[PDB]
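An overview of the molecular structure
Here's the letter readout for the chains.
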Amino acid sequence: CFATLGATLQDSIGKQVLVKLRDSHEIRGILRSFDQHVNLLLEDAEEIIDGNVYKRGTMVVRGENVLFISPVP
Amino acid sequence: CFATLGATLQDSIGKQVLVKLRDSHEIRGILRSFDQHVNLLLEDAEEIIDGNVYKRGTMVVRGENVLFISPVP
Amino acid sequence: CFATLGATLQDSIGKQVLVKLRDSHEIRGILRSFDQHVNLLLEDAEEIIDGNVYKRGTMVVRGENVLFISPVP
Amino acid sequence: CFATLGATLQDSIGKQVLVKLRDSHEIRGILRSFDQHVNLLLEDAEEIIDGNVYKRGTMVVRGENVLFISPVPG
Amino acid sequence: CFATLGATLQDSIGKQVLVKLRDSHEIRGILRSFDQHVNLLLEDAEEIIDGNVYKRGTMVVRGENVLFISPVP
Amino acid sequence: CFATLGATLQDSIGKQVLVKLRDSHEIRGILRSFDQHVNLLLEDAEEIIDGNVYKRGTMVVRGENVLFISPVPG
Amino acid sequence: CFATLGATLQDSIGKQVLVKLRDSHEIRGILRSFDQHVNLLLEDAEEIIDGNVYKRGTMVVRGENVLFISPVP
Ligand SMILES: O=c1ccn([C@@H]2O[C@H](CO)[C@@H](O)[C@H]2O)c(=O)[nH]1
Ligand SMILES: O=c1ccn([C@@H]2O[C@H](CO)[C@@H](O)[C@H]2O)c(=O)[nH]1
Ligand SMILES: O=c1ccn([C@@H]2O[C@H](CO)[C@@H](O)[C@H]2O)c(=O)[nH]1
Ligand SMILES: O=c1ccn([C@@H]2O[C@H](CO)[C@@H](O)[C@H]2O)c(=O)[nH]1
Ligand SMILES: O=c1ccn([C@@H]2O[C@H](CO)[C@@H](O)[C@H]2O)c(=O)[nH]1
Ligand SMILES: O=c1ccn([C@@H]2O[C@H](CO)[C@@H](O)[C@H]2O)c(=O)[nH]1
Ligand SMILES: O=c1ccn([C@@H]2O[C@H](CO)[C@@H](O)[C@H]2O)c(=O)[nH]1
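Looking at the method and resolution fields of the entry, one finds X-ray crystallography and 2.05 Å.

On to the pattern of salt bridges. A full pass over the atoms with the stated rule returns 47 salt bridges over all chains. Linking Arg22 of chain B and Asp23 of chain C is a salt bridge whose minimum nitrogen-to-oxygen distance equals 2.8 Å. You can see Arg22 of chain B sitting in the loop between β1 (16–21) and β2 (25–34) and its partner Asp23 of chain C sitting in the loop between β1 (16–21) and β2 (25–34), one on each of two chains. Owing to a relative accessible area of 10%, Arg22 of chain B belongs among the buried residues under this scheme. For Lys20 of chain F, the salt bridge goes to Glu47 of chain G, with nearest N and O atoms at 2.7 Å. Of this pair, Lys20 of chain F sits in strand β1 (residues 16–21) while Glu47 of chain G sits in strand β3 (residues 40–49), placing the two residues on different chains. The exposure class assigned to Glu47 of chain G is buried, which follows from its relative accessible area of 2%. Put simply, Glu47 and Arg56 of chain A together with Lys20 and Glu26 of chain G are held in one network by salt bridges that share partners.

Those residues of helix α1 (residues 5–12) of chain F that fall on the buried side of the exposure criterion are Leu5, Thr8, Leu9 and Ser12 of chain F. Angular distribution of buried residues about the axis of α1 of chain F spans 95 degrees; they occupy a single face of the element. Of the residues in α1 of chain F, the exposed ones pointing more than 90 degrees away from the buried face are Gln10 and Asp11 of chain F. Buried-residue contacts for α1 of chain F involve β1, β2 (25–34) and β5 (66–71) of chain F together with β2 (25–34), β3 and β4 (52–61) of chain G. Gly14 of chain F sits one or two positions beyond α1 of chain F and adopts a positive phi of about 90 degrees.

What counts as what
- Residues numbered from 1 in each chain as written, not as in the entry; some residues may be left out.
- Chains lettered and ligands numbered in written order.
- Heavy atoms only, no water.
- Salt bridge = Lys/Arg side-chain N within 4 Å of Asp/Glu carboxyl O.
- Helix = DSSP H or I, 4+ residues; strand = E, 2+ residues; numbered from the N terminus.
- Buried < 20%, exposed > 50% of the residue type's maximum accessible area, 1.4 Å probe, protein only.
- Arc of directions from axis to C-beta.
- Contact = heavy atoms within 4.5 Å.

Below is the structure:
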């Protein structure tokens, strides 16, 4: 009787997640924190660009451009 | 005497749906939860990219970037 | 002495309509329901992509990306 | 002492207008109705795509994605 | 002790201006009216597209897509 | 104990600034005025298009499409 | 029991940060200030365009077009 998206992100704290953003951006990282707007705090994050992988470390991601968030299987 | 879009989504719970997003993204998965902004929780989700299928598993999709959702026939 | 766009959509219930969206999407389907934000419920819908036609069936379309809706003559 | 954009649209009722939208869309038709958000109802509308004309008839256009509306001189 | 953007546009009434919009649109015309949202009423307007010049005459432009407005020297 | 972005802009009045906008636009001009929404008034402005400079003069820029503002060094 | 994104940014004051924006813009600089909307004040900022570095100095970045902010490791 309530949406479970929030419960899902809470369950993802500490897990690696795949995040895709507007303008064809693809990021992977450990989800450490997030808010109701889907703004995210990732650690050990990395960008995947045309097969290249660039480690970034800590990353704050604005929710407005997030397409989806998926815990890596 | 009321729009039936929400009713359609409720009826799609547990069914596979095709979801297209901004920037030509195409995703398929089992609809498990959603809210009034069309934010979605999908299970057994996959992206269709250039004819290939990438399995992702659990996926939270932001409604703001959703173009359409269609239960797979 | 009032805009007649809503009356036009009401009159299009049950008719086939052409809908184009942001990012060059073109869809055709039977309009079954809609709301004041132009969110739409289509049945027997199909996507037209580069000459290809993909049948989808039931489709919920977010009005925010809708460019136009035109009852098929 | 007030903007006249609204009066211009009122004056275009019944006239053909050229309308361009986001993502390079170009449409023409007779303006039959409009609101303050620039949502439009066109009759005898047609899309101009790569120099070719596609007749659509009645068309509801969302103002959110309109760039400009220009009554056709004629 | 106040922003002077509004004053500038007021001073441009009756002048020819260059207006550039989202998606690479470039327009020239005489500014006849405007509002606080930068919506514009132009007369004797023309579009400049890849070297082509198409005369349009009267044009109502939505401020939301305006990039800049520059009265022509 | 407060953001200093507005103070930076205030300090930029009279200086030439580089402004880049959505859709790859690059502009330069003297910052003369601005508001809390980052709408800008530029004088002696110019666009840089494909390496070439096009002088425009006075220009009103909408903050919504602004990516960044940077006073030109030296 | 609260999101830690804001605290991450506070901790990054005086640090080198990598910032990516809409339309494929990539910027590097020292974070000097910021607000709740992710508008940023950067110093010794530079743009990375096609693999080359363009030094810009002081830069105010609008949060609305920011994709992510990542403190350089
Ligand atoms: O698209 C999304 C993804 C996640 N959530 C989270 O799920 C809860 C829904 O009420 C919120 O706390 C929020 O953090 C949303 O609301 N929307
Ligand atoms: O595009 C859509 C899909 C669904 N709904 C339904 O309408 C309510 C909108 O807030 C929600 O509860 C949802 O079920 C919409 O309005 N728009
Ligand atoms: O694009 C549209 C279509 C319809 N409506 C309104 O929604 C109602 C639908 O019956 C009408 O009264 C009409 O004013 C809009 O505001 N915008
Ligand atoms: O871009 C435009 C075009 C027209 N109007 C007119 O101004 C009024 C604003 O509420 C409406 O009645 C409408 O006709 C605008 O405000 N903005
Ligand atoms: O950057 C801008 C552009 C326009 N305006 C509004 O547009 C009108 C321009 O003369 C003014 O009344 C003002 O309210 C602004 O506030 N900021
Ligand atoms: O991007 C910006 C620029 C300025 N300001 C604030 O808005 C006021 C404009 O005069 C200033 O005091 C400043 O703190 C912002 O919030 N964001
Ligand atoms: O993405 C972000 C980054 C920071 N903040 C908050 O906005 C304030 C800016 O000073 C901080 O206290 C911080 O908690 C957010 O809400 N979202």
